[PDB]
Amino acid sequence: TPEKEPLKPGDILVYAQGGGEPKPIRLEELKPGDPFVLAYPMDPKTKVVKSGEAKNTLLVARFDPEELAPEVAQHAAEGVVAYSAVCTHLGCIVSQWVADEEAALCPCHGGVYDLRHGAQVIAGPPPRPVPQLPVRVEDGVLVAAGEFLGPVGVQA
């Protein structure tokens, strides 16, 4: 189904939504240092949000660009970073924030990913970082700028 299609470069990032019209994520809405938001990709011409496929679930956060690791900054936009939100341990959505680590926490078994430093696993059983999603800003809206930088979710 269109709603289960994979994320594609050029897709518009929208806030995770129930029904109703989607809301694109605008750069100016994200305050550097604030907790991440959960997002999905939306096909820019059909406006179909690809939220029926869990492996399209994203977390999106903004930091001061100087606080990002250079490798992360390569794929960031005005300090905004995005990653897959599917835990690489057993696939739970990495839905919680760790304020004093600026990290994403998985409530299932306590995986913690260090968002400014490439979602390095700093606690729990995730075997590898959630992959980064390159982003760019177009007319103030966040857009996927490439494929995920590695496989999503639970792998061999």
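A residue's number is simply how far along the shown sequence it sits, counting from 1.
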Give the stretch, out of 15 to 23 and 129 to 137, with the larger mean C-alpha temperature factor in the deposited entry.
15 to 23
Look over 62 to 70 and 32 to 40 in the entry and identify the one with the greater average Cα temperature factor.
62 to 70
By the CA temperature factor listed in this entry, which of these ranks top: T57, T46, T88, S95?
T46
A99: CA B-factor among chain residues, third -> highest
State the tercile, meaning the lowest, middle or highest third, of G52 with respect to the CA B-factors recorded for its chain.
highest
